[PDB]
Every structure is written in structure tokens, then in C-alpha cells.
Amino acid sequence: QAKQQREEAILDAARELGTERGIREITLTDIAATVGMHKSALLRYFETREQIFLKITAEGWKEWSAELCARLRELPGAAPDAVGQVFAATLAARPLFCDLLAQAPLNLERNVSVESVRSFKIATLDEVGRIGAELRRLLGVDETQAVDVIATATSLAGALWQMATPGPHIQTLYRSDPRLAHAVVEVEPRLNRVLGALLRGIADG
């Protein structure tokens, strides 16, 4: 498979490139330049940079879901704050995955084939179901509430991480002005308080 390794190599290049300078500015050309192949050859594997990130976003969903479920699978089925804490810690520990969760709705939006979007959403929704099954078992919530929670966690983690990475000079700006104290975002803490309070509000119903 100089084909399955080629694809896996292109993805790692995309990942490490995003780890170095973020994702909202990585080009298909840069990725090609990184893996050392012409853009035309790269295009045989991936139609656009959006399709590359959508596949990395999906790998991120699989990796995060497996991490989250392995941990929830060893928990006492009835502690809201404890479940929220596991969601907050796993997501807070995944900045690239969080950038991709925030960028996704925009990535599949129009420069990706219908069939790729279809596979992506199917793969994604399978993890939502997997994670949801643990929420049902641990806290006894219906399917709707489980989805609301997952959707909330992922969307909120994505937005908090964006707010936390405003650009080097802006981060320095936030810390320098006492009036911008609330602009400094700590992901895990806020995410924990929110998901805990959310899960309790649901459990007390």
C-alpha cells in the first residue's frame, strides 16, 4: 500500500502543519510542499484542503470518542459533575481537534463533495451515538438530551479554544490591560463549570 501510507503521510503533514501555525490558514500547496510531492499528485488523494481537514476532523472524533468512552466506562453511573469534568478535560486537552470542531460546519459547507459530507456526518454521528450511550447509562438521559450535551460540549470547546488563541500579540494585549481580563479565556475551567451545571440542570429534571 504505497497508497494507504501515502494518504496517512499526507494527513500527518496536514496535522503537524496545523500544530505548528494553526488551521485557519493552511493551504493545499503548503501541505504538498511539506510532503514533498507536486500539487497535482496530492489532488489525486484529496480534492481540496477542506476534504483533508474533514478527514482529520473525523479521525479526531474517533480518537476523542474512544478516549472519552474508555474513561466514562469506568465511572459511577450517577455523578453529573464528574461526567462534565471528563468531557472538559478530554476536550481541553485537544486544541487541534477543537479548532477543527469549530471550523467543520464551514469546511463541508460547499467545497467538499456531497458523498464526502455524507460519510463524514455518518462517521461523526456514530461517535455521538457511542458517547450518547454512556450518558444514558451513567445519567439516564434520553437521546435528545444526550445530543444536546455532546453538541454543547463540542461547540463550546471549539469556541473557547478560538477565544483562547487570538494571535500572539493579542494574547499579550489581553494580559496587559486590566479591562480585558474577561477576554482571557481558560478553556477547561469554563468548560467544566458549564457542562457540570448543564448536566445537573438536566439530572434535576
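Heads up: residue numbers just count along the shown sequence, starting at 1.
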Open item on the list: Tell me which stretch, 110 to 118 or 92 to 100, has the higher mean Cα B-factor listed in the entry.
Closed with: 110 to 118
Task: Segment of higher mean CA temperature factor, 192 to 200 or 13 to 21 - done: 13 to 21
Task: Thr172, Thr57, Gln162, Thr29, ranked by C-alpha B-factor: the highest one - done: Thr29
- [ ] Tell me, please, which of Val147, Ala153, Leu68, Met37 has the highest C-alpha B factor according to the deposited entry?
- [x] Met37
- [ ] Would you check the entry's CA temperature factor for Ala79 and let me know if it's in the chain's lowest, middle or highest third?
- [x] highest
TODO: Comparing against every modelled residue in the chain, figure out the third that the C-alpha B-factor of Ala41 lands in (lowest, middle or highest).
DONE: middle
Task: Entry-reported Cα temperature factor of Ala33, expressed as the chain third it lands in - done: highest
Open item on the list: Sorting by Cα B-factor within the chain, modelled residues only, which third would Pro178 end up in: lowest, middle or highest?
Closed with: highest
TODO: Going by the recorded CA B-factors, say which third of the chain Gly140 sits in, lowest, middle or highest.
DONE: highest
